[PDB]
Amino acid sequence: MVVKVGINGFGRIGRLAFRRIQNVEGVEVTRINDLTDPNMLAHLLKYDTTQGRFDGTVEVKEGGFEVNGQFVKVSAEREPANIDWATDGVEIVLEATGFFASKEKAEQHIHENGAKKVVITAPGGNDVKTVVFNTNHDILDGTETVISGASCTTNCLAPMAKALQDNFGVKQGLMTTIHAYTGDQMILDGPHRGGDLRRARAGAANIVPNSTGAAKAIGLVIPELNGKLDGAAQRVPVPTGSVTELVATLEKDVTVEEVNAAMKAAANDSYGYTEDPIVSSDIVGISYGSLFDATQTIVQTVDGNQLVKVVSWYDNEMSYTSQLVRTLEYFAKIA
């Protein structure tokens, strides 16, 4: 009855998931798998530009890390079918490389002396349930092999959109995310894999429009909103920290006080509520998947018709990470 976790892909998400797990009661990481030099991985675990110094000590040892006194095995196997997760008692694997984001690619972690459950850090395609914790994790019964923890933006959008739907009914809506730059943008103008003419531009020196998927795909999490939402992003020069705006039409007339009260009533460990006039640096490292900001709510009535704007913050890094760890722990406990 301790959740032993394996991480495949020790990038930003995998490293932050490891950090977050150190502060969660019933979870621990007993194996890391990644092709990168362990000295590079240990250094990036110790020092994070936006998320601060590691809370403790990390040493490179033969075959892995010593982290806060405890040994963690680190391997460098290319294929999930060759990873002996069971040797370290791993029950559930966080698949966060980005290369196995499907059910038939990610299920390879489950084999003889492998793992028993898999959570992918991506939408994941067909036959893979998409879980935003505390919004729709009740769709898990335990029989699943591979599930998805959705995207970082989905984990921000979903509880806000669900509260609008549950209380007032959504007709349609357009999302605008004002988003930190990410690793798929160039640091200086140049060709990038995929050939997107905007991600080719210096991400820390520009406002960069970019496409999104969370709004169009919201139906995977909230079925009654399937096809009702669309959106786009503006990437801007902060290294993490983002904000999701939704402009929508509803089935009921509302006021600002009732919209804000509905969000406060929906608050929990995943969906926070604030009336403080915060800015993006204030949500770096938070453990909410989504933090509704009541100061930004607009209910615009013009000749009897209403447009409603609701806004939620998220650390696109740690907010998503905290939600992944909740889903990892819950999925592992329901077997």
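For every residue, the number given is its place in the sequence shown, counted from 1.
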item	value
Selected stretch [higher average CA B-factor]: 157-165 or 121-129	121-129
Of 177-185 and 75-83, the one with larger mean CA B-factor	75-83
Top Cα B factor in the deposited entry, candidates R235, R199, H111, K264	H111
Among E224, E245, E144, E258 - the residue whose C-alpha B-factor is largest in the record	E144
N23 - Cα temperature factor, lowest/middle/highest third of chain	highest
Cα B factor band for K61 (lowest, middle or highest third within the chain)	highest
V29 by Cα B-factor - lowest, middle or highest third of the modelled chain	highest
Among modelled residues of the same chain, the CA temperature factor third for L35	highest
Third assignment of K228 from its chain's C-alpha B-factors	lowest
